[PDB]
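Asks: Let me start by giving you these chains from the complex, positioned as in the assembled structure:
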Amino acid sequence: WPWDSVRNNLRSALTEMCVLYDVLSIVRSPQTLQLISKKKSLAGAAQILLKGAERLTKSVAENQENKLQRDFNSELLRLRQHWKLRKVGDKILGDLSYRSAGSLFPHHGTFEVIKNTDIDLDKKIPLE
Amino acid sequence: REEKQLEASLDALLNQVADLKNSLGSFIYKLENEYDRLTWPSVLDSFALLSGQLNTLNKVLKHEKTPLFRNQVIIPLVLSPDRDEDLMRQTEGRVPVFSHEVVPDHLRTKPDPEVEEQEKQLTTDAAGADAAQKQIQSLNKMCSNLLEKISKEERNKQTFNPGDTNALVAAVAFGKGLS
Amino acid sequence: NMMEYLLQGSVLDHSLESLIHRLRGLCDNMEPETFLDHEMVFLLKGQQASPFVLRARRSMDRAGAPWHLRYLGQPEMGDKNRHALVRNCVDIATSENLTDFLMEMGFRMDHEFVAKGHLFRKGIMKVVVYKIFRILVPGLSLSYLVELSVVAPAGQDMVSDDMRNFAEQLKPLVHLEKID
């Protein structure tokens, strides 16, 4: 909705400029509107907070109820604690090159998580 | 006196609003060529920066040190649909050259408002204003007390003792303290 | 013919385990160990008020390993924009024959306090840490003094800068300092 929002902003700016120019040229019952407005504002704030809570605590509660397929906080620490330590060239942490006692030749590790639409899929980090 | 200061403040606010509108238009035009990787947070921040600065200036120049609105009357300079070459650079946004058959659907400052009548008709359908006001006042008082409490509540173990280190270094070599 | 460097320091008592945990995974492959030593500091003087470096502090662990002393004294000039450095040496000796010849040559002891601790193999360097223990004659600082020991020939002494890099590692509660 790039063009739609652009046109809306343009119309709003045109209206604002017209009102400002007009002001410059001119310069030289049981209604309870406040109560209804406050009620509508409270309803809107409650709807926004409910949408936020649904986005946060309902779509991220997968591993909270039962450990399922999720690379987030369930896969990376596994392989970390099991094989190597953390390091940051860019995202390269503990490549397996026997550098502890090799002393022959160095080799780095291009290890990085990736996404794919499937069931039970890990990060699958990349001689070969 | 006060009228001149109000006019100068209104002119400065209009200039700032025009600059902010030009900046927002340039940003929106930059959001059309680079349509990819358009995060919602950047658009939200742009919309907040484009609305807040203008709305605050508009509200400050309307409910702060204003005289009674019964003496001042609204009167424009002139209503002439003449095409002048020395007057098209003095409106800054619209009314460059007025048309002939434009009086009907252009004269109400291009009225966008369409929900005001619907809201009025919906409120008229509910025709008791004493408990609601009291509850609103109580909620306002509670929010004020909470904000005051928050404002009132809002307002490195060492392990490298140099003395002990120097003493140990001395005892390592000098006999004073060591033996 | 050879020289030694030092960037010794100290650290609190409670703050050792968190410290040595980091110190293990700094330049050592694996299998951290320790050692219990024994201080046999002697004294050889009586003519110029300048004794020798007779601190023959050697381990009291499993036998076979020979006790000995090392040369460490008379800090020479130099070390431009560098840490402590002294032209020194080392000397191994037979089991208890060193003390025998020292006593036959008319020497006396200097200290009777032992400070066990831990060691850690750096690269071209080495690091140690220890703590004095309060014991009587037949048996104190309450602070584990640490040190970065490295010995090498003259060479270029550029590795001292690398030693300073280790100072970067010993950031939290460790620093370098001389003695006067």
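Replies: Happy to help now that I have it. Numbers count the residues shown, from 1 in each chain, chains lettered A, B, ... in the order given.
Asks: So which residues on chain C come close to chain B?
Replies: By CB under 8 Å from any CB of the partner chain, the residues of chain C that approach chain B are C:8-12, C:14-15, C:110-113, C:132, C:141, C:143, C:145, C:172-175, C:177, C:179. No exception for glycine: its C-beta is placed from N, CA and C like everyone else's.
Asks: 10 Å instead, please
Replies: C:6, C:8-16, C:18-19, C:41, C:55, C:72-73, C:110-113, C:115, C:130-132, C:140-147, C:172-175, C:177-180 (CB under 10 Å from any CB of the partner chain).
Asks: what do you get for chain A?
Replies: Counting by CB under 10 Å from any CB, chain A sits next to chain B at A:1-3, A:5-40, A:42.
Asks: buried set for the lengthiest helix in chain C?
Replies: For chain C, the longest helix by residue count, based on DSSP state H, is helix C:159-169. Of all the residues in helix C:159-169, those buried under the rule 16 or more other CB atoms under 10 Å in any protein chain shown are C:159-160, C:163, C:166.
Asks: residues near the residue of chain A at minimum distance from chain B, how many?
Replies: Relative to chain B, the nearest point of chain A is residue A:17 (2.9 Å; CB to the nearest CB). The local packing of residue A:17 (other CB atoms under 10 Å in any protein chain shown) involves 19 other residues.
Asks: I'd say it and residue B:92 touch.
Replies: Yes - Residue A:17 lies in contact with residue B:92 (CB atoms under 10 Å); the separation is 6.5 Å.
Asks: Next, show the common contact partners of those two.
Replies: B:14, B:18 (CB atoms under 10 Å, 6 or more residues apart in numbering or on different chains).
Asks: Quick one: check stretch B:35-45 for contact with chain A.
Replies: Yes - Stretch B:35-45 is in contact with chain A by CB under 10 Å from any CB, via B:35, B:38, B:43.
Asks: go ahead and place chain D:
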Amino acid sequence: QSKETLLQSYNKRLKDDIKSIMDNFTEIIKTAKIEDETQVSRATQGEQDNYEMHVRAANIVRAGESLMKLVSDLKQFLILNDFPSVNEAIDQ
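Replies: Time to bring in chain D:
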């Protein structure tokens, strides 16, 4: 090198922004608009004081109810400690 300082500063800034957003919903602590004191206009200025919540109230709540989980994930990923410094049972 001290890169954790920038991470701590970013986390503190995120927390301060979240606190300010949670505190930014008390601008009506001084009054509840019991009367219509709008001397300029009461139909489009006084009545629309709360009808423009999209640019006044809903304009801060959107970003204010988004930085929490984002900052949490950023702190948990940028700093995923994994630094027991001894690997206690791992050697085991």
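Asks: Residue A:22 is in what secondary structure piece?
Replies: Element membership for residue A:22 (DSSP states H and E) is helix A:2-27.
Asks: Would whatever helix or strand comes next after that helix count as contacting chain D?
Replies: Later in the chain than helix A:2-27, the nearest helix or strand by DSSP H and E is helix A:33-57. Yes - applying CB under 10 Å from any CB, one finds that helix A:33-57 is in contact with chain D at A:33-42, A:44-45, A:47-49, A:51-53, A:55-57.
Asks: Counting by contacts, list what helix A:33-57 packs against.
Replies: Secondary-structure packing of helix A:33-57 (3 or more CB pairs under 10 Å, 6 or more residues apart in numbering or on different chains; DSSP states H and E): helix B:116-124, helix B:131-154, helix D:48-51, helix D:53-56, helix D:58-64, helix D:67-78.
Asks: For chain C, just list every one of the helices.
Replies: Under DSSP H, chain C gives helices at C:17-24, C:97-104, C:159-169.
Asks: Tell me the secondary structure of the most centrally placed residue in chain B, please.
Replies: Among the residues of chain B, residue B:52 comes closest to the average C-alpha position under CA atoms, centre = their mean, at 1.8 Å. Of the three states, residue B:52 takes helix under DSSP: H, G, I helix; E, B strand; the rest coil.
Asks: Alongside chain D, which residues does chain C contribute?
Replies: Counting by CB under 10 Å from any CB, chain C sits next to chain D at C:17-25, C:30-32, C:168, C:171.
Asks: for stretch B:103-117, how far is the first residue from the last?
Replies: 23 Å (CA to CA, to the nearest Å).
Asks: List the buried residues in that stretch.
Replies: For stretch B:103-117, it's none, nothing buried (16+ other CB under 10 Å).
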